[PDB]
Every structure is written in C-alpha cells, then in structure tokens.
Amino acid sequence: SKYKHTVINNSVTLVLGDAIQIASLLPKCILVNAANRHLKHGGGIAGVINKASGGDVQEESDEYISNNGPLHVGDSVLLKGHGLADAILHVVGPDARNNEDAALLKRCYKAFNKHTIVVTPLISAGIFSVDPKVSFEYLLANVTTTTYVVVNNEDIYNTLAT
C-alpha cells in the first residue's frame, strides 16, 4: 500500500522503488541479482547489492567462481542472502552489447519458478541494453511464481504499467 505498484496478473506485481528495500519488507523471499558470467559485482544492481552486504556477497561470489569457473549466459546460482533476503539468486542475463540474444532471458526467468516469493530487477534492462519492455514481456511469459518486479525509474514504470 505504501508503494506505487501495479498488479499485472496472479503472479507478477510491478513496483516503483528499491529492490533491496522491498526484499527487506518481506518476511521470506529470494532476491535476484542481475549478474555477469564471472559474478564480478562492480556496478549496476550487483554493485548496490554487494555494497548493501558490505562486500560479503563479492567474497562469496569469488569463492564460487574461483572453485567452479564462470557461468554461462542464461545460467543462475543460488547463494547466501547476507541479511538482504533468505538467499540471493544470481542470474546471468544476455548482454546485447556482446551480441547475446534476449531470448536467453527465458532461461533466466524460468529459474524463478521453484521459489515461493521472488524480488527481482528487470534482467538485462540496465547496461546489458535489452529494451525494458522486452525484458518485462519475457518475465510475464515465463514467471509463474509470486514475483515483485522492481524498477527505480518512474518513466519506465509508467510504460510497463500500461
């Protein structure tokens, strides 16, 4: 009630706000990180998540990658929550700057469905340069679990809330 939000369907609610704030307010959830293949959390929401954890997320990510190697585009890994959420699902969206196809978002978003409540940004809609409407369409097509999709730009919110 205390956020600008639009319920899209039985599963998906679009929220104008801060994903970390929204994950904090929910008693139980997974928070999704829009990550890169090497889980190097230098910027974007990955940066905000890592900094909110005081670097704990990067420490854990480094251990995962150091031992297990880089992820493939479209893959995800469930890691610890570091007090931000019950767990963080690191999802590697396609980077359009590197000619990676938006259709790989299908794989990203299908990974949500085994989790009861998910708080997510729009995957690949930041520097990975996928149209927010396209990302959101892939989300709605593939996500069947209770999901709060959080955007921090009112203009993008308004466009998607149509």
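We number the residues from 1 along the sequence you see.
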Study note, to complete from the structure: Of 105 to 113 and 61 to 69, the stretch with the higher mean C-alpha B-factor in the deposited entry is 61 to 69
Point to revise | 6 to 14 set against 144 to 152, stretch whose average Cα temperature factor tops the other in the entry | key: 6 to 14
Check your understanding: Which one, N99, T120, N36, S135, has the peak C-alpha temperature factor per the PDB entry?
Key -> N99
**Study point:** Position of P94 among the chain's modelled residues by C-alpha B-factor, lowest, middle or highest third
**Key:** lowest
Review point. What third of its chain, lowest, middle or highest, does the C-alpha temperature factor of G126 fall into?
Key: lowest
**Study point:** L26 - which third its CA temperature factor falls in, relative to the rest of the chain
**Key:** highest
